[PDB]
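Quick look at work36.txt (compact mmCIF, N, CA and C atoms and all ligand atoms):
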# COMPACT_ATOMS: atom_id res chain seq x y z
N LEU M 7 5.38 62.70 32.92
CA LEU M 7 5.96 62.22 34.20
C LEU M 7 6.08 60.71 34.08
N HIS M 8 7.26 60.18 34.37
CA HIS M 8 7.53 58.74 34.28
C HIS M 8 7.81 58.21 35.68
N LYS M 9 7.29 57.03 35.98
CA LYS M 9 7.55 56.42 37.28
C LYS M 9 8.83 55.59 37.17
N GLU M 10 9.55 55.47 38.28
CA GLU M 10 10.78 54.70 38.33
C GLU M 10 10.79 53.91 39.61
N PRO M 11 11.51 52.78 39.64
CA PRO M 11 11.62 51.91 40.80
C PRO M 11 12.59 52.48 41.84
N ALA M 12 12.37 52.12 43.10
CA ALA M 12 13.23 52.55 44.19
C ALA M 12 13.06 51.47 45.24
N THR M 13 13.99 51.41 46.19
CA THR M 13 13.97 50.41 47.25
C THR M 13 13.98 51.10 48.60
N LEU M 14 13.05 50.75 49.47
CA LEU M 14 12.96 51.36 50.78
C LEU M 14 14.19 51.07 51.61
N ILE M 15 14.78 52.10 52.21
CA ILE M 15 15.92 51.88 53.10
C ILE M 15 15.33 52.05 54.51
N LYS M 16 14.64 53.17 54.73
CA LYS M 16 14.07 53.45 56.03
C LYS M 16 13.13 54.66 56.04
N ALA M 17 11.96 54.50 56.65
CA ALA M 17 11.00 55.59 56.76
C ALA M 17 11.50 56.43 57.92
N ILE M 18 11.53 57.75 57.75
CA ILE M 18 12.01 58.65 58.80
C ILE M 18 10.85 59.25 59.55
N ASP M 19 9.89 59.79 58.83
CA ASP M 19 8.71 60.33 59.46
C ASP M 19 7.61 60.40 58.41
N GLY M 20 6.55 61.14 58.70
CA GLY M 20 5.42 61.21 57.79
C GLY M 20 5.66 61.55 56.34
N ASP M 21 6.57 62.50 56.09
CA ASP M 21 6.84 62.96 54.72
C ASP M 21 8.28 62.84 54.23
N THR M 22 9.10 62.09 54.96
CA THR M 22 10.48 61.92 54.57
C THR M 22 10.87 60.46 54.78
N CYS M 23 11.62 59.91 53.84
CA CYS M 23 12.08 58.53 53.95
C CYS M 23 13.38 58.41 53.18
N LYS M 24 14.10 57.32 53.39
CA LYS M 24 15.37 57.10 52.71
C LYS M 24 15.16 55.95 51.77
N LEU M 25 15.54 56.14 50.51
CA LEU M 25 15.38 55.12 49.48
C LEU M 25 16.68 54.94 48.70
N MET M 26 16.82 53.77 48.09
CA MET M 26 17.95 53.46 47.23
C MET M 26 17.36 53.76 45.85
N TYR M 27 17.92 54.75 45.17
CA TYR M 27 17.42 55.14 43.85
C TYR M 27 18.60 55.12 42.87
N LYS M 28 18.49 54.37 41.78
CA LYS M 28 19.57 54.29 40.80
C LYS M 28 20.86 53.86 41.51
N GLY M 29 20.73 52.90 42.42
CA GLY M 29 21.88 52.40 43.14
C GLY M 29 22.50 53.36 44.12
N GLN M 30 21.79 54.41 44.50
CA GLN M 30 22.35 55.36 45.44
C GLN M 30 21.38 55.72 46.56
N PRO M 31 21.83 55.60 47.82
CA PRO M 31 20.98 55.94 48.97
C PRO M 31 20.69 57.44 49.01
N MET M 32 19.42 57.79 49.19
CA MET M 32 19.00 59.18 49.21
C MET M 32 17.81 59.39 50.12
N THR M 33 17.70 60.58 50.69
CA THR M 33 16.51 60.86 51.48
C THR M 33 15.55 61.62 50.54
N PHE M 34 14.30 61.19 50.55
CA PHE M 34 13.26 61.77 49.74
C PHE M 34 12.29 62.51 50.63
N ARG M 35 11.73 63.59 50.11
CA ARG M 35 10.75 64.42 50.79
C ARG M 35 9.55 64.43 49.83
N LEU M 36 8.37 64.10 50.34
CA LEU M 36 7.15 64.06 49.53
C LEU M 36 6.75 65.42 48.99
N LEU M 37 6.48 65.48 47.70
CA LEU M 37 6.05 66.72 47.07
C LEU M 37 4.63 67.12 47.47
N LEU M 38 4.40 68.44 47.47
CA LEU M 38 3.11 69.08 47.73
C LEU M 38 2.45 68.86 49.07
N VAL M 39 3.13 68.26 50.03
CA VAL M 39 2.49 68.02 51.31
C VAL M 39 3.38 68.29 52.49
N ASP M 40 2.75 68.36 53.66
CA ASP M 40 3.47 68.56 54.90
C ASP M 40 2.81 67.81 56.06
N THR M 41 3.49 66.79 56.57
CA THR M 41 2.98 66.05 57.71
C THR M 41 3.54 66.78 58.92
N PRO M 42 2.86 66.68 60.09
CA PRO M 42 3.32 67.35 61.31
C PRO M 42 4.69 66.87 61.77
N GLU M 43 5.42 67.82 62.34
CA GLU M 43 6.77 67.66 62.86
C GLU M 43 6.83 66.78 64.11
N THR M 44 7.91 66.03 64.23
CA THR M 44 8.16 65.17 65.38
C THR M 44 9.65 65.29 65.74
N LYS M 45 10.41 65.90 64.84
CA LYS M 45 11.85 66.06 64.97
C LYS M 45 12.33 67.42 65.45
N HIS M 46 12.29 68.41 64.56
CA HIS M 46 12.76 69.76 64.85
C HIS M 46 12.20 70.40 66.12
N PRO M 47 13.09 70.76 67.08
CA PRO M 47 12.74 71.39 68.36
C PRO M 47 12.05 72.75 68.22
N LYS M 48 12.36 73.46 67.14
CA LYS M 48 11.76 74.77 66.87
C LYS M 48 10.24 74.64 66.73
N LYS M 49 9.77 73.42 66.48
CA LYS M 49 8.34 73.15 66.32
C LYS M 49 7.88 72.21 67.43
N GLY M 50 8.66 71.16 67.66
CA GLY M 50 8.33 70.17 68.67
C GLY M 50 7.52 69.06 68.03
N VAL M 51 6.96 68.17 68.85
CA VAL M 51 6.14 67.08 68.32
C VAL M 51 4.74 67.64 68.16
N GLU M 52 4.39 67.97 66.93
CA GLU M 52 3.08 68.51 66.61
C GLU M 52 2.03 67.40 66.62
N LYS M 53 0.80 67.75 67.01
CA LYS M 53 -0.32 66.81 67.07
C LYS M 53 -0.49 66.12 65.71
N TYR M 54 -0.61 64.80 65.75
CA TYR M 54 -0.75 63.96 64.57
C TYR M 54 0.57 63.61 63.89
N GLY M 55 1.67 64.17 64.39
CA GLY M 55 2.98 63.86 63.83
C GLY M 55 3.27 62.37 63.94
N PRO M 56 3.22 61.80 65.15
CA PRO M 56 3.48 60.37 65.36
C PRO M 56 2.57 59.49 64.52
N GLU M 57 1.31 59.91 64.38
CA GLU M 57 0.34 59.19 63.58
C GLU M 57 0.72 59.19 62.11
N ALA M 58 1.11 60.36 61.59
CA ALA M 58 1.51 60.48 60.19
C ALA M 58 2.73 59.62 59.92
N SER M 59 3.68 59.59 60.85
CA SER M 59 4.86 58.75 60.66
C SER M 59 4.49 57.28 60.61
N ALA M 60 3.62 56.86 61.52
CA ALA M 60 3.20 55.47 61.55
C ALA M 60 2.49 55.06 60.28
N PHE M 61 1.64 55.94 59.76
CA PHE M 61 0.91 55.65 58.53
C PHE M 61 1.89 55.44 57.38
N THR M 62 2.79 56.40 57.18
CA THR M 62 3.79 56.31 56.11
C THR M 62 4.68 55.08 56.25
N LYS M 63 5.17 54.85 57.46
CA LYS M 63 6.03 53.72 57.74
C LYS M 63 5.33 52.43 57.33
N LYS M 64 4.11 52.25 57.82
CA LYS M 64 3.32 51.06 57.53
C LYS M 64 3.16 50.88 56.02
N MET M 65 2.73 51.96 55.38
CA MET M 65 2.48 51.96 53.96
C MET M 65 3.68 51.57 53.10
N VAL M 66 4.84 52.14 53.38
CA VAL M 66 6.01 51.81 52.57
C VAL M 66 6.66 50.48 52.93
N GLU M 67 6.61 50.10 54.21
CA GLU M 67 7.24 48.86 54.64
C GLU M 67 6.53 47.60 54.18
N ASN M 68 5.21 47.69 54.06
CA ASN M 68 4.39 46.56 53.62
C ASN M 68 4.19 46.41 52.10
N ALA M 69 4.78 47.32 51.32
CA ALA M 69 4.61 47.28 49.88
C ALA M 69 5.49 46.25 49.18
N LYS M 70 4.96 45.68 48.10
CA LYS M 70 5.69 44.72 47.27
C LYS M 70 6.69 45.57 46.48
N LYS M 71 6.20 46.71 45.99
CA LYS M 71 7.04 47.61 45.23
C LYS M 71 6.82 49.11 45.41
N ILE M 72 7.93 49.83 45.38
CA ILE M 72 7.96 51.27 45.53
C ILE M 72 8.46 51.92 44.23
N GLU M 73 7.79 53.01 43.83
CA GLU M 73 8.16 53.77 42.64
C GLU M 73 8.22 55.24 43.03
N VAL M 74 9.12 55.98 42.39
CA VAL M 74 9.25 57.42 42.63
C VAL M 74 8.93 58.08 41.29
N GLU M 75 8.22 59.20 41.36
CA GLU M 75 7.83 59.94 40.17
C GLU M 75 8.21 61.40 40.42
N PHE M 76 9.19 61.90 39.67
CA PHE M 76 9.62 63.28 39.81
C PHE M 76 8.64 64.17 39.05
N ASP M 77 8.58 65.44 39.40
CA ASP M 77 7.70 66.33 38.67
C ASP M 77 8.52 66.89 37.49
N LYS M 78 8.08 67.99 36.90
CA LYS M 78 8.80 68.56 35.77
C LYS M 78 9.84 69.63 36.13
N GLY M 79 9.86 70.06 37.39
CA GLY M 79 10.82 71.06 37.81
C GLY M 79 12.08 70.42 38.38
N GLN M 80 12.71 71.09 39.34
CA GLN M 80 13.92 70.55 39.96
C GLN M 80 13.60 69.27 40.73
N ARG M 81 14.57 68.37 40.78
CA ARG M 81 14.38 67.09 41.42
C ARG M 81 14.85 66.96 42.85
N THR M 82 15.52 67.97 43.36
CA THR M 82 15.98 67.94 44.75
C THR M 82 15.74 69.33 45.32
N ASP M 83 15.66 69.42 46.65
CA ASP M 83 15.50 70.70 47.32
C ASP M 83 16.87 71.19 47.84
N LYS M 84 16.89 72.34 48.50
CA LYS M 84 18.14 72.92 49.01
C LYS M 84 18.92 72.03 49.97
N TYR M 85 18.22 71.10 50.62
CA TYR M 85 18.83 70.16 51.56
C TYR M 85 19.32 68.92 50.84
N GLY M 86 19.14 68.89 49.52
CA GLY M 86 19.58 67.74 48.75
C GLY M 86 18.64 66.54 48.78
N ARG M 87 17.43 66.72 49.27
CA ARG M 87 16.46 65.62 49.31
C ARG M 87 15.76 65.46 47.96
N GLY M 88 15.56 64.23 47.51
CA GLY M 88 14.85 64.01 46.26
C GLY M 88 13.41 64.47 46.46
N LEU M 89 12.86 65.18 45.48
CA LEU M 89 11.49 65.68 45.54
C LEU M 89 10.63 64.86 44.57
N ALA M 90 9.72 64.06 45.12
CA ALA M 90 8.87 63.23 44.28
C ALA M 90 7.53 62.84 44.90
N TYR M 91 6.75 62.17 44.06
CA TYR M 91 5.47 61.59 44.43
C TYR M 91 5.90 60.13 44.59
N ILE M 92 5.68 59.55 45.76
CA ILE M 92 6.08 58.18 45.99
C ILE M 92 4.88 57.26 45.96
N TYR M 93 5.02 56.13 45.29
CA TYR M 93 3.93 55.17 45.15
C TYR M 93 4.28 53.86 45.82
N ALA M 94 3.36 53.33 46.60
CA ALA M 94 3.55 52.04 47.26
C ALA M 94 2.46 51.15 46.65
N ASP M 95 2.90 50.23 45.80
CA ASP M 95 1.99 49.33 45.09
C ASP M 95 0.95 50.11 44.31
N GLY M 96 1.43 51.12 43.59
CA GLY M 96 0.56 51.92 42.76
C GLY M 96 -0.31 52.93 43.45
N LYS M 97 -0.21 53.02 44.77
CA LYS M 97 -0.98 53.99 45.53
C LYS M 97 -0.05 55.12 45.97
N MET M 98 -0.41 56.36 45.62
CA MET M 98 0.41 57.51 45.98
C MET M 98 0.39 57.79 47.47
N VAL M 99 1.55 57.73 48.11
CA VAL M 99 1.64 58.00 49.53
C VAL M 99 1.24 59.44 49.85
N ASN M 100 1.66 60.39 49.01
CA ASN M 100 1.33 61.81 49.24
C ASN M 100 -0.19 62.00 49.36
N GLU M 101 -0.95 61.45 48.41
CA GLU M 101 -2.41 61.57 48.41
C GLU M 101 -3.06 60.82 49.57
N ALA M 102 -2.54 59.63 49.87
CA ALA M 102 -3.06 58.81 50.96
C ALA M 102 -3.05 59.58 52.28
N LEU M 103 -1.94 60.24 52.58
CA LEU M 103 -1.81 61.02 53.81
C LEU M 103 -2.81 62.19 53.87
N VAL M 104 -2.91 62.92 52.77
CA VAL M 104 -3.81 64.05 52.69
C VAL M 104 -5.26 63.56 52.84
N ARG M 105 -5.58 62.43 52.22
CA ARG M 105 -6.94 61.89 52.29
C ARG M 105 -7.35 61.51 53.72
N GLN M 106 -6.36 61.17 54.55
CA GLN M 106 -6.59 60.77 55.94
C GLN M 106 -6.51 61.92 56.93
N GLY M 107 -6.31 63.13 56.43
CA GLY M 107 -6.20 64.28 57.30
C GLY M 107 -4.92 64.20 58.12
N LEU M 108 -3.87 63.58 57.56
CA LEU M 108 -2.58 63.46 58.25
C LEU M 108 -1.52 64.38 57.63
N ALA M 109 -1.94 65.15 56.64
CA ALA M 109 -1.04 66.08 55.95
C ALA M 109 -1.90 67.17 55.32
N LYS M 110 -1.28 68.33 55.09
CA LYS M 110 -1.96 69.46 54.46
C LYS M 110 -1.20 69.67 53.17
N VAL M 111 -1.89 70.12 52.12
CA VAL M 111 -1.23 70.42 50.85
C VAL M 111 -0.36 71.65 51.14
N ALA M 112 0.94 71.57 50.87
CA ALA M 112 1.83 72.68 51.18
C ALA M 112 3.03 72.69 50.26
N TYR M 113 3.84 73.75 50.36
CA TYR M 113 5.06 73.93 49.57
C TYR M 113 4.82 73.79 48.08
N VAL M 114 3.84 74.51 47.56
CA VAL M 114 3.53 74.38 46.14
C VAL M 114 4.40 75.33 45.36
N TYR M 115 5.44 74.79 44.74
CA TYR M 115 6.37 75.59 43.97
C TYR M 115 6.34 75.24 42.50
N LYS M 116 5.85 76.16 41.68
CA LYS M 116 5.80 75.96 40.23
C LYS M 116 7.25 75.76 39.76
N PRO M 117 7.48 74.90 38.75
CA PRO M 117 6.54 74.07 38.00
C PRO M 117 6.28 72.67 38.60
N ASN M 118 6.71 72.43 39.84
CA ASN M 118 6.52 71.12 40.50
C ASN M 118 5.15 71.02 41.15
N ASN M 119 4.09 71.07 40.36
CA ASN M 119 2.77 71.00 40.95
C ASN M 119 1.76 70.27 40.09
N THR M 120 2.25 69.35 39.28
CA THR M 120 1.40 68.59 38.38
C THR M 120 0.19 67.98 39.08
N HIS M 121 0.39 67.39 40.26
CA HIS M 121 -0.70 66.75 40.99
C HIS M 121 -1.38 67.61 42.06
N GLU M 122 -1.20 68.93 41.98
CA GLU M 122 -1.78 69.84 42.97
C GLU M 122 -3.29 69.77 43.12
N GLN M 123 -4.01 69.76 42.00
CA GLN M 123 -5.47 69.69 42.04
C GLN M 123 -5.97 68.37 42.62
N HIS M 124 -5.34 67.27 42.22
CA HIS M 124 -5.71 65.96 42.75
C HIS M 124 -5.56 65.95 44.28
N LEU M 125 -4.44 66.46 44.78
CA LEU M 125 -4.22 66.48 46.21
C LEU M 125 -5.18 67.46 46.90
N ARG M 126 -5.50 68.56 46.23
CA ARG M 126 -6.42 69.54 46.82
C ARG M 126 -7.83 68.96 46.98
N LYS M 127 -8.29 68.19 46.01
CA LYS M 127 -9.62 67.61 46.13
C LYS M 127 -9.66 66.58 47.26
N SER M 128 -8.56 65.85 47.47
CA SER M 128 -8.51 64.86 48.54
C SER M 128 -8.47 65.54 49.89
N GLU M 129 -7.79 66.67 49.97
CA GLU M 129 -7.72 67.41 51.23
C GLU M 129 -9.10 67.97 51.61
N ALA M 130 -9.85 68.42 50.60
CA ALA M 130 -11.19 68.98 50.80
C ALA M 130 -12.13 67.90 51.36
N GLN M 131 -11.92 66.66 50.94
CA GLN M 131 -12.74 65.54 51.41
C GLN M 131 -12.40 65.22 52.86
N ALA M 132 -11.11 65.17 53.18
CA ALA M 132 -10.66 64.87 54.54
C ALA M 132 -11.21 65.93 55.49
N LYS M 133 -11.16 67.18 55.03
CA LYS M 133 -11.65 68.34 55.78
C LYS M 133 -13.14 68.20 56.05
N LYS M 134 -13.93 67.91 55.01
CA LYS M 134 -15.37 67.74 55.17
C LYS M 134 -15.71 66.54 56.04
N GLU M 135 -14.89 65.50 55.99
CA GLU M 135 -15.12 64.34 56.85
C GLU M 135 -14.52 64.62 58.24
N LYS M 136 -13.96 65.81 58.41
CA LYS M 136 -13.35 66.26 59.65
C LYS M 136 -12.34 65.27 60.21
N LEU M 137 -11.44 64.78 59.37
CA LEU M 137 -10.44 63.80 59.80
C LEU M 137 -9.17 64.33 60.47
N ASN M 138 -8.79 63.68 61.57
CA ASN M 138 -7.58 63.98 62.33
C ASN M 138 -7.23 65.46 62.41
N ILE M 139 -6.30 65.92 61.58
CA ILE M 139 -5.87 67.31 61.57
C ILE M 139 -7.07 68.26 61.48
N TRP M 140 -8.10 67.82 60.77
CA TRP M 140 -9.31 68.61 60.59
C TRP M 140 -10.41 68.25 61.58
N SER M 141 -10.05 67.68 62.72
CA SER M 141 -11.06 67.30 63.69
C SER M 141 -11.16 68.29 64.85
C1 LIG F 201 8.15 69.85 49.88
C2 LIG F 201 9.35 70.85 49.75
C3 LIG F 201 9.98 71.36 50.82
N1 LIG F 201 10.95 72.32 50.69
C4 LIG F 201 11.61 73.00 51.81
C5 LIG F 201 10.80 74.15 52.29
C6 LIG F 201 11.27 74.21 53.71
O1 LIG F 201 12.45 75.07 53.87
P1 LIG F 201 12.96 75.46 55.35
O2 LIG F 201 13.33 74.20 55.98
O3 LIG F 201 14.11 76.35 55.14
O4 LIG F 201 11.77 76.06 55.95
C7 LIG F 201 11.46 72.72 54.13
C8 LIG F 201 10.16 72.00 54.57
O5 LIG F 201 10.38 70.61 54.79
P2 LIG F 201 10.09 69.79 56.12
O6 LIG F 201 8.62 69.66 56.25
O7 LIG F 201 10.71 68.49 55.81
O8 LIG F 201 10.66 70.56 57.23
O9 LIG F 201 11.84 72.09 52.92
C9 LIG F 201 11.36 72.75 49.49
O10 LIG F 201 12.27 73.54 49.32
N2 LIG F 201 10.73 72.24 48.44
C10 LIG F 201 9.75 71.30 48.43
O11 LIG F 201 9.29 70.97 47.33
CA CA F 202 6.99 67.97 57.58
Could you render the structure from this file as structure tokens?
Amino acid sequence: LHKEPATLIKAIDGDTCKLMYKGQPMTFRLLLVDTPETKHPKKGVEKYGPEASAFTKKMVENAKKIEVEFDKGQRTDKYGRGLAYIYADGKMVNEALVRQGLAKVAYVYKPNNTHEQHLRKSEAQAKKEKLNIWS
């Protein structure tokens, strides 16, 4: 897995943001995780959704540099969103959210699961510390 540079265009919510990648604007969806909904009416504004968005927004907006790391499987989903692990100054946003109890490990589709165990151990810690979603 190789990391690549990207430029923040705009954070949309907890697990989705728009980045300029290879000179092209794209919406990215964080791999292996799911932050609560704040958009789709079929779900509504789920508890901790606004919090997860604020965390992600803060994290990506304050970074000196952003990198995207694709897994080994497909790089986009059916909606055309780039599927990656996003890093803000070397810190993985996907793991950060799970560690704070602001996201649950979800959508694990082989072979795009290289970091599954790492995220699972962080989720177990958030759970034991009874953080946010796990409170
Ligand atoms: C994280 C991820 C989501 N998805 C899909 C599954 C869901 O399909 P459906 O929308 O048809 O349920 C949706 C979840 O994303 P959101 O959390 O952004 O809604 O995106 C993938 O296909 N692959 C992925 O790797
Ligand atoms: Ca979501």
From a DSSP calculation on the backbone, collect every residue of region 28-116 of chain M in strand (DSSP E) and output the set as a list in words.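 Residues of region 28-116 of chain M classed as strand (DSSP E): residues 30, 31, 32, 33, 34, 35, 36, 39, 40, 72, 73, 74, 75, 76, 88, 89, 90, 91, 92, 93, 94, 97, 98, 110 and 111 of chain M.
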If you run DSSP on the backbone here, which positions in region 8-132 of chain M get alpha helix (DSSP H)? Please write them as a ChimeraX atom specification. /M:55-67,99-105,122-132
Using only C-alpha atoms, which residues sit within 12 Å of residue 107 (chain M) once same-chain residues fewer than 2 positions away are excluded, as a PDB file with N, CA and C atoms, in the coordinates of the input?
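Writing done, so here's out_39.pdb:
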ATOM      1  N   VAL M  39       3.130  68.260  50.030  1.00  0.00           N
ATOM      2  CA  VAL M  39       2.490  68.020  51.310  1.00  0.00           C
ATOM      3  C   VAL M  39       3.380  68.290  52.490  1.00  0.00           C
ATOM      4  N   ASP M  40       2.750  68.360  53.660  1.00  0.00           N
ATOM      5  CA  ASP M  40       3.470  68.560  54.900  1.00  0.00           C
ATOM      6  C   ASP M  40       2.810  67.810  56.060  1.00  0.00           C
ATOM      7  N   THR M  41       3.490  66.790  56.570  1.00  0.00           N
ATOM      8  CA  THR M  41       2.980  66.050  57.710  1.00  0.00           C
ATOM      9  C   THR M  41       3.540  66.780  58.920  1.00  0.00           C
ATOM     10  N   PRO M  42       2.860  66.680  60.090  1.00  0.00           N
ATOM     11  CA  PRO M  42       3.320  67.350  61.310  1.00  0.00           C
ATOM     12  C   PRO M  42       4.690  66.870  61.770  1.00  0.00           C
ATOM     13  N   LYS M  53       0.800  67.750  67.010  1.00  0.00           N
ATOM     14  CA  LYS M  53      -0.320  66.810  67.070  1.00  0.00           C
ATOM     15  C   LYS M  53      -0.490  66.120  65.710  1.00  0.00           C
ATOM     16  N   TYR M  54      -0.610  64.800  65.750  1.00  0.00           N
ATOM     17  CA  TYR M  54      -0.750  63.960  64.570  1.00  0.00           C
ATOM     18  C   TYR M  54       0.570  63.610  63.890  1.00  0.00           C
ATOM     19  N   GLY M  55       1.670  64.170  64.390  1.00  0.00           N
ATOM     20  CA  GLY M  55       2.980  63.860  63.830  1.00  0.00           C
ATOM     21  C   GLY M  55       3.270  62.370  63.940  1.00  0.00           C
ATOM     22  N   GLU M  57       1.310  59.910  64.380  1.00  0.00           N
ATOM     23  CA  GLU M  57       0.340  59.190  63.580  1.00  0.00           C
ATOM     24  C   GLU M  57       0.720  59.190  62.110  1.00  0.00           C
ATOM     25  N   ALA M  58       1.110  60.360  61.590  1.00  0.00           N
ATOM     26  CA  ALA M  58       1.510  60.480  60.190  1.00  0.00           C
ATOM     27  C   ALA M  58       2.730  59.620  59.920  1.00  0.00           C
ATOM     28  N   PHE M  61       1.640  55.940  59.760  1.00  0.00           N
ATOM     29  CA  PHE M  61       0.910  55.650  58.530  1.00  0.00           C
ATOM     30  C   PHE M  61       1.890  55.440  57.380  1.00  0.00           C
ATOM     31  N   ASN M 100       1.660  60.390  49.010  1.00  0.00           N
ATOM     32  CA  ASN M 100       1.330  61.810  49.240  1.00  0.00           C
ATOM     33  C   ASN M 100      -0.190  62.000  49.360  1.00  0.00           C
ATOM     34  N   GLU M 101      -0.950  61.450  48.410  1.00  0.00           N
ATOM     35  CA  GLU M 101      -2.410  61.570  48.410  1.00  0.00           C
ATOM     36  C   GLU M 101      -3.060  60.820  49.570  1.00  0.00           C
ATOM     37  N   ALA M 102      -2.540  59.630  49.870  1.00  0.00           N
ATOM     38  CA  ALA M 102      -3.060  58.810  50.960  1.00  0.00           C
ATOM     39  C   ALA M 102      -3.050  59.580  52.280  1.00  0.00           C
ATOM     40  N   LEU M 103      -1.940  60.240  52.580  1.00  0.00           N
ATOM     41  CA  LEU M 103      -1.810  61.020  53.810  1.00  0.00           C
ATOM     42  C   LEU M 103      -2.810  62.190  53.870  1.00  0.00           C
ATOM     43  N   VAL M 104      -2.910  62.920  52.770  1.00  0.00           N
ATOM     44  CA  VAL M 104      -3.810  64.050  52.690  1.00  0.00           C
ATOM     45  C   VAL M 104      -5.260  63.560  52.840  1.00  0.00           C
ATOM     46  N   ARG M 105      -5.580  62.430  52.220  1.00  0.00           N
ATOM     47  CA  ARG M 105      -6.940  61.890  52.290  1.00  0.00           C
ATOM     48  C   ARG M 105      -7.350  61.510  53.720  1.00  0.00           C
ATOM     49  N   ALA M 109      -1.940  65.150  56.640  1.00  0.00           N
ATOM     50  CA  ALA M 109      -1.040  66.080  55.950  1.00  0.00           C
ATOM     51  C   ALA M 109      -1.900  67.170  55.320  1.00  0.00           C
ATOM     52  N   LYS M 110      -1.280  68.330  55.090  1.00  0.00           N
ATOM     53  CA  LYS M 110      -1.960  69.460  54.460  1.00  0.00           C
ATOM     54  C   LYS M 110      -1.200  69.670  53.170  1.00  0.00           C
ATOM     55  N   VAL M 111      -1.890  70.120  52.120  1.00  0.00           N
ATOM     56  CA  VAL M 111      -1.230  70.420  50.850  1.00  0.00           C
ATOM     57  C   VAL M 111      -0.360  71.650  51.140  1.00  0.00           C
ATOM     58  N   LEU M 125      -4.440  66.460  44.780  1.00  0.00           N
ATOM     59  CA  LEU M 125      -4.220  66.480  46.210  1.00  0.00           C
ATOM     60  C   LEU M 125      -5.180  67.460  46.900  1.00  0.00           C
ATOM     61  N   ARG M 126      -5.500  68.560  46.230  1.00  0.00           N
ATOM     62  CA  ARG M 126      -6.420  69.540  46.820  1.00  0.00           C
ATOM     63  C   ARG M 126      -7.830  68.960  46.980  1.00  0.00           C
ATOM     64  N   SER M 128      -8.560  65.850  47.470  1.00  0.00           N
ATOM     65  CA  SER M 128      -8.510  64.860  48.540  1.00  0.00           C
ATOM     66  C   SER M 128      -8.470  65.540  49.890  1.00  0.00           C
ATOM     67  N   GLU M 129      -7.790  66.670  49.970  1.00  0.00           N
ATOM     68  CA  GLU M 129      -7.720  67.410  51.230  1.00  0.00           C
ATOM     69  C   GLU M 129      -9.100  67.970  51.610  1.00  0.00           C
ATOM     70  N   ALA M 130      -9.850  68.420  50.600  1.00  0.00           N
ATOM     71  CA  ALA M 130     -11.190  68.980  50.800  1.00  0.00           C
ATOM     72  C   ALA M 130     -12.130  67.900  51.360  1.00  0.00           C
ATOM     73  N   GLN M 131     -11.920  66.660  50.940  1.00  0.00           N
ATOM     74  CA  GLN M 131     -12.740  65.540  51.410  1.00  0.00           C
ATOM     75  C   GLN M 131     -12.400  65.220  52.860  1.00  0.00           C
ATOM     76  N   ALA M 132     -11.110  65.170  53.180  1.00  0.00           N
ATOM     77  CA  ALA M 132     -10.660  64.870  54.540  1.00  0.00           C
ATOM     78  C   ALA M 132     -11.210  65.930  55.490  1.00  0.00           C
ATOM     79  N   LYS M 133     -11.160  67.180  55.030  1.00  0.00           N
ATOM     80  CA  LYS M 133     -11.650  68.340  55.780  1.00  0.00           C
ATOM     81  C   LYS M 133     -13.140  68.200  56.050  1.00  0.00           C
ATOM     82  N   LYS M 134     -13.930  67.910  55.010  1.00  0.00           N
ATOM     83  CA  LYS M 134     -15.370  67.740  55.170  1.00  0.00           C
ATOM     84  C   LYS M 134     -15.710  66.540  56.040  1.00  0.00           C
ATOM     85  N   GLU M 135     -14.890  65.500  55.990  1.00  0.00           N
ATOM     86  CA  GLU M 135     -15.120  64.340  56.850  1.00  0.00           C
ATOM     87  C   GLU M 135     -14.520  64.620  58.240  1.00  0.00           C
ATOM     88  N   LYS M 136     -13.960  65.810  58.410  1.00  0.00           N
ATOM     89  CA  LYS M 136     -13.350  66.260  59.650  1.00  0.00           C
ATOM     90  C   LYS M 136     -12.340  65.270  60.210  1.00  0.00           C
ATOM     91  N   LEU M 137     -11.440  64.780  59.370  1.00  0.00           N
ATOM     92  CA  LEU M 137     -10.440  63.800  59.800  1.00  0.00           C
ATOM     93  C   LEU M 137      -9.170  64.330  60.470  1.00  0.00           C
ATOM     94  N   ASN M 138      -8.790  63.680  61.570  1.00  0.00           N
ATOM     95  CA  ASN M 138      -7.580  63.980  62.330  1.00  0.00           C
ATOM     96  C   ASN M 138      -7.230  65.460  62.410  1.00  0.00           C
ATOM     97  N   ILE M 139      -6.300  65.920  61.580  1.00  0.00           N
ATOM     98  CA  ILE M 139      -5.870  67.310  61.570  1.00  0.00           C
ATOM     99  C   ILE M 139      -7.070  68.260  61.480  1.00  0.00           C
ATOM    100  N   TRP M 140      -8.100  67.820  60.770  1.00  0.00           N
ATOM    101  CA  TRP M 140      -9.310  68.610  60.590  1.00  0.00           C
ATOM    102  C   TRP M 140     -10.410  68.250  61.580  1.00  0.00           C
ATOM    103  N   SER M 141     -10.050  67.680  62.720  1.00  0.00           N
ATOM    104  CA  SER M 141     -11.060  67.300  63.690  1.00  0.00           C
ATOM    105  C   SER M 141     -11.160  68.290  64.850  1.00  0.00           C
TER     106      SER M 141
END
Within 9 Å of region 79-98 of chain M, which residues of region 15-48 of chain M come that close, and what is the closest atom pair and distance in Å for each? Count only C-alpha atoms and give it as CSV.
residue,atom,partner,partner_atom,distance
M:22,CA,M:87,CA,8.8
M:32,CA,M:87,CA,6.9
M:33,CA,M:87,CA,5.2
M:34,CA,M:88,CA,4.4
M:35,CA,M:89,CA,5.4
M:36,CA,M:90,CA,5.6
M:37,CA,M:90,CA,5.3
M:38,CA,M:91,CA,8.5
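For the residues M:25, M:113, M:124, M:67, ranking by smallest atom-to-atom distance to ligand LIG 201 (chain F) using all atoms listed in the file places M:113 first.
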Can you tell me, as a ChimeraX atom specification, what residues are no more than 7 Å from residue 77 (chain M) when counting only C-alpha atoms, ignoring any on the same chain fewer than 5 positions away? /M:7,90,118,120
Which residue of M:73, M:11, M:43, M:59 approaches ligand LIG 201 (chain F) most closely, using only N, CA and C atoms and all ligand atoms: M:43
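Note that atom N of residue 28 (chain M) and atom N of residue 70 (chain M) are 17.3 Å apart.
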Step by step, gather every atom of ligand LIG 201 (chain F) that the file lists, find the box along x, y and z that holds them, add 4 Å on each side, and finally give centre and edge lengths in Å to one decimal, as JSON.
{"center_x": 11.1, "center_y": 72.4, "center_z": 52.3, "size_x": 14.0, "size_y": 15.9, "size_z": 17.9}
